[PDB]
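Novice: You'll find protein-v9.csv just under this line, and it carries CSV, C-alpha atoms.
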```csv
chain,number,residue,atom,x,y,z
A,867,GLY,CA,-3.2,-10.5,-15.7
A,868,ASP,CA,-0.1,-12.6,-15.0
A,869,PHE,CA,1.6,-9.5,-13.5
A,870,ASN,CA,0.3,-9.0,-9.9
A,871,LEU,CA,-1.0,-5.5,-9.1
A,872,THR,CA,-2.9,-6.5,-5.9
A,873,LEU,CA,-0.5,-4.5,-3.7
A,874,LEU,CA,-1.3,-1.3,-5.8
A,875,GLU,CA,-5.1,-2.1,-5.9
A,876,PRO,CA,-7.4,-0.1,-3.5
A,877,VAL,CA,-8.3,-2.2,-0.5
A,886,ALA,CA,-9.9,3.3,-0.1
A,887,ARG,CA,-6.1,3.4,0.0
A,888,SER,CA,-3.9,0.7,-1.6
A,889,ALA,CA,-2.1,-1.9,0.5
A,890,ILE,CA,1.3,-0.4,0.0
A,891,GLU,CA,-0.2,3.0,0.8
A,892,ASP,CA,-1.7,1.8,4.0
A,893,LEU,CA,1.5,-0.1,4.9
A,894,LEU,CA,3.7,3.1,4.5
A,895,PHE,CA,1.3,5.0,6.8
A,896,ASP,CA,1.4,2.2,9.4
A,897,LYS,CA,5.3,1.9,9.3
A,898,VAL,CA,5.7,5.7,9.8
A,899,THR,CA,5.1,6.9,13.4
A,900,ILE,CA,2.5,9.8,13.2
A,901,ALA,CA,0.6,11.3,16.2
A,902,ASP,CA,-3.2,11.1,15.8
A,903,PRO,CA,-4.3,14.4,14.2
A,904,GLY,CA,-7.8,14.1,15.9
A,905,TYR,CA,-9.2,16.8,13.6
A,906,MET,CA,-12.8,16.2,14.6
A,907,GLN,CA,-12.4,16.3,18.5
A,908,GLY,CA,-8.6,16.5,19.3
A,909,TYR,CA,-9.0,19.3,21.9
A,910,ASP,CA,-11.6,17.2,23.8
A,911,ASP,CA,-9.4,14.1,23.7
A,912,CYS,CA,-6.5,16.0,25.3
A,913,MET,CA,-8.8,17.4,28.1
A,914,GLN,CA,-11.1,14.9,29.8
A,915,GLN,CA,-9.8,11.7,28.0
B,627,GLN,CA,7.0,12.9,49.1
B,628,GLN,CA,7.6,15.7,46.5
B,629,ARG,CA,4.7,18.2,45.6
B,630,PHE,CA,4.1,19.7,42.1
B,631,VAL,CA,5.2,17.4,39.2
B,632,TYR,CA,6.6,18.9,35.9
B,633,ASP,CA,7.0,17.4,32.4
B,634,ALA,CA,10.1,17.7,30.1
B,635,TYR,CA,8.5,21.0,28.8
B,636,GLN,CA,8.6,22.2,32.4
B,637,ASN,CA,4.8,22.8,32.3
B,638,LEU,CA,3.0,22.0,35.6
B,639,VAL,CA,1.3,18.7,34.7
B,640,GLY,CA,1.0,17.3,38.2
B,641,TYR,CA,0.2,18.3,41.8
B,642,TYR,CA,0.4,16.5,45.3
B,643,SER,CA,-2.1,17.4,48.1
B,644,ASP,CA,-2.5,16.7,51.8
B,645,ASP,CA,-5.7,14.7,51.1
B,646,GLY,CA,-3.6,12.3,49.1
B,647,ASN,CA,-5.8,12.4,46.0
B,648,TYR,CA,-3.5,13.0,43.1
B,649,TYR,CA,-4.6,15.9,40.8
B,650,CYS,CA,-3.3,16.2,37.2
B,651,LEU,CA,-2.9,19.9,36.3
B,652,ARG,CA,-3.9,21.0,32.7
B,653,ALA,CA,-3.7,24.7,31.7
B,654,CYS,CA,-7.1,26.2,30.6
B,655,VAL,CA,-6.9,25.2,26.9
B,656,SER,CA,-8.0,28.1,24.6
B,657,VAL,CA,-10.8,27.3,22.1
B,658,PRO,CA,-9.5,28.1,18.5
B,659,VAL,CA,-11.6,30.7,16.6
B,660,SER,CA,-11.4,31.5,12.8
B,661,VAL,CA,-13.8,33.6,10.6
B,662,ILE,CA,-15.2,32.3,7.3
B,663,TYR,CA,-16.4,35.5,5.5
B,664,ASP,CA,-17.7,36.1,2.0
B,665,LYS,CA,-17.7,39.8,0.9
B,666,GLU,CA,-20.7,39.4,-1.5
B,667,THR,CA,-22.9,37.8,1.2
B,668,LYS,CA,-21.5,40.3,3.8
B,669,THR,CA,-22.1,37.5,6.4
B,670,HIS,CA,-19.6,35.5,8.5
B,671,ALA,CA,-19.4,31.9,9.9
B,672,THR,CA,-17.5,31.3,13.2
B,673,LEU,CA,-15.0,28.4,13.0
B,674,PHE,CA,-13.7,26.2,15.8
C,771,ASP,CA,38.5,-2.2,-25.7
C,772,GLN,CA,38.1,-0.1,-28.9
C,773,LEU,CA,39.3,-1.9,-32.1
C,774,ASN,CA,41.5,-0.3,-34.8
C,775,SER,CA,39.3,-1.8,-37.5
C,776,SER,CA,36.0,-1.3,-39.3
C,777,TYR,CA,34.5,-3.8,-36.8
C,778,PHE,CA,33.8,-2.5,-33.3
C,779,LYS,CA,33.4,-4.4,-30.0
C,780,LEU,CA,29.9,-4.2,-28.3
C,781,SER,CA,29.1,-5.2,-24.7
C,782,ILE,CA,25.5,-6.5,-24.6
C,783,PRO,CA,23.7,-8.2,-21.6
C,784,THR,CA,22.6,-11.9,-22.0
C,785,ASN,CA,20.4,-11.7,-18.8
C,786,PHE,CA,17.8,-9.2,-17.6
C,787,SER,CA,16.4,-8.3,-14.1
C,788,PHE,CA,13.5,-6.1,-12.8
C,789,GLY,CA,14.1,-3.8,-9.8
C,790,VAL,CA,11.9,-1.1,-8.2
C,791,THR,CA,13.4,2.3,-7.3
C,792,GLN,CA,11.4,4.0,-4.4
C,793,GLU,CA,11.3,7.8,-4.3
C,794,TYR,CA,9.5,10.2,-1.9
C,795,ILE,CA,8.4,13.8,-2.9
C,796,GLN,CA,7.1,16.1,-0.1
C,797,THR,CA,4.2,18.1,-1.8
C,798,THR,CA,2.7,19.4,1.5
C,799,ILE,CA,3.6,20.6,5.0
C,800,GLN,CA,1.5,20.6,8.2
C,801,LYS,CA,-0.5,23.9,8.3
C,802,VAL,CA,-0.2,25.7,11.7
C,803,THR,CA,-2.1,28.8,12.9
C,804,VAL,CA,-0.9,30.4,16.2
C,805,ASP,CA,-3.1,32.4,18.7
C,806,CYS,CA,-0.6,35.3,19.4
C,807,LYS,CA,-2.7,36.7,22.3
C,808,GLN,CA,-2.7,33.5,24.4
C,809,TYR,CA,0.9,32.4,23.4
C,810,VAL,CA,2.8,35.7,23.8
C,811,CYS,CA,0.9,37.2,26.8
C,812,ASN,CA,-0.5,34.1,28.5
C,813,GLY,CA,-3.8,36.1,28.7
C,814,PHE,CA,-2.2,39.0,30.6
C,815,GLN,CA,-3.3,42.6,29.8
C,816,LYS,CA,0.1,44.2,30.9
C,817,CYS,CA,2.0,42.2,28.2
C,818,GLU,CA,-0.7,43.3,25.6
```
Let me see the structure of the file written as structure tokens.
Specialist:
Amino acid sequence: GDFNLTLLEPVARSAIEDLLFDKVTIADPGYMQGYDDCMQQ
Amino acid sequence: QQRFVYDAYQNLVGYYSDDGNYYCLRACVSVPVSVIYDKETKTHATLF
Amino acid sequence: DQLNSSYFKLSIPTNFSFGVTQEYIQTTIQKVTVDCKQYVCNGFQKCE
């Protein structure tokens, strides 16, 4: 209602949840094809 | 002018040759292997 | 200040504010499996 929960609402991750991941620096896990990306790519 | 190039890890990541075509050296990466086995089935699934 | 009387002094706020306290709890760690044969011996039989 009057209280705004849009930040906590799923966009699915929520906006604050996505923002925290973006702010933190994390190397791409590449679980599906990471070994291939390191080689030819 | 210098020949083989090394990273901070000291792994050989680069090489220089008389031809002048630069070659990046990457060690033969191993392919990860894991076994998914169920005793009741007595069968296994290879995992990469 | 405490009062030497039946009446007692009370300190009570006439204004209110809302603030958010942020806390992080680490419930998981990265899971790592090491291939001992490649890492320890670099694929060399004499080391094995």
Novice: Would you give me, as a ChimeraX atom specification, the residues of chain A that come within 12 Å of chain C, using all atoms listed in the file?
Specialist: /A:890,894,900,903
Novice: For residue 656 in chain B, list every protein, DNA or RNA residue within 9 Å, evaluated using all atoms listed in the file, and leave out those in the same chain fewer than 3 positions away; present the list as a short mmCIF file (atom, residue, chain, number, x, y, z; two decimals) with C-alpha atoms, in the frame of the given file.
Specialist:
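Wrote it out as result03.cif, contents follow:
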```cif
data_model
loop_
_atom_site.label_atom_id
_atom_site.label_comp_id
_atom_site.auth_asym_id
_atom_site.auth_seq_id
_atom_site.Cartn_x
_atom_site.Cartn_y
_atom_site.Cartn_z
CA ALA B 653 -3.70 24.70 31.70
CA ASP C 805 -3.10 32.40 18.70
CA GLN C 808 -2.70 33.50 24.40
#
```
Novice: Each residue of chain A with at least one atom at most 10 Å from chain B should appear once, together with its nearest atom pair and the corresponding distance in Å (one decimal); atoms considered: all atoms listed in the file; ordering: chain, then increasing residue number; output as CSV.
Specialist:
```
residue,atom,partner,partner_atom,distance
A:909,CA,B:655,CA,8.0
A:910,CA,B:655,CA,9.8
A:912,CA,B:652,CA,9.3
A:913,CA,B:652,CA,7.6
A:914,CA,B:652,CA,9.9
```
Novice: Could you turn the residues from that selection into a file that holds C-alpha atoms, as a PDB file, in the frame of the given file?
Specialist:
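For reference, again-v1.pdb as written:
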```pdb
ATOM      1  CA  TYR A 909      -9.000  19.300  21.900  1.00  0.00           C
ATOM      2  CA  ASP A 910     -11.600  17.200  23.800  1.00  0.00           C
ATOM      3  CA  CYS A 912      -6.500  16.000  25.300  1.00  0.00           C
ATOM      4  CA  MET A 913      -8.800  17.400  28.100  1.00  0.00           C
ATOM      5  CA  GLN A 914     -11.100  14.900  29.800  1.00  0.00           C
TER       6      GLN A 914
END
```
Novice: Output as a VMD selection string the set of chain C residues within 12 Å of chain B, with distances taken over only C-alpha atoms.
Specialist: chain C and resid 802 to 809 812 to 813
Novice: Keeping C-alpha atoms for every residue in the selection just given, could you write it to a file as a PDB file, keeping the file's coordinate frame?
Specialist:
```
ATOM      1  CA  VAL C 802      -0.200  25.700  11.700  1.00  0.00           C
ATOM      2  CA  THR C 803      -2.100  28.800  12.900  1.00  0.00           C
ATOM      3  CA  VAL C 804      -0.900  30.400  16.200  1.00  0.00           C
ATOM      4  CA  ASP C 805      -3.100  32.400  18.700  1.00  0.00           C
ATOM      5  CA  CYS C 806      -0.600  35.300  19.400  1.00  0.00           C
ATOM      6  CA  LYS C 807      -2.700  36.700  22.300  1.00  0.00           C
ATOM      7  CA  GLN C 808      -2.700  33.500  24.400  1.00  0.00           C
ATOM      8  CA  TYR C 809       0.900  32.400  23.400  1.00  0.00           C
ATOM      9  CA  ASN C 812      -0.500  34.100  28.500  1.00  0.00           C
ATOM     10  CA  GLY C 813      -3.800  36.100  28.700  1.00  0.00           C
TER      11      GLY C 813
END
```
Novice: Can you work out the spacing between CA of residue 906 in chain A and CA of residue 661 in chain B in Å, to one decimal?
Specialist: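 Spanning CA of residue 906 in chain A to CA of residue 661 in chain B is a straight-line distance of 17.9 Å.
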Novice: When you draw a straight line from CA of residue 642 in chain B to CA of residue 630 in chain B, how long is it in Å?
Specialist: 5.8 Å
Novice: Provide the CA of residue 877 in chain A to CA of residue 911 in chain A distance in Å, to one decimal place.
Specialist: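 It comes out at 29.2 Å.
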Novice: Quick one: residues within 8 Å of residue 629 in chain B, all atoms listed in the file counted, chain neighbours fewer than 2 positions away excluded, as a list in words?
Specialist: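 In the requested form, the answer reads residues 627, 631, 641, 642 and 643 of chain B.
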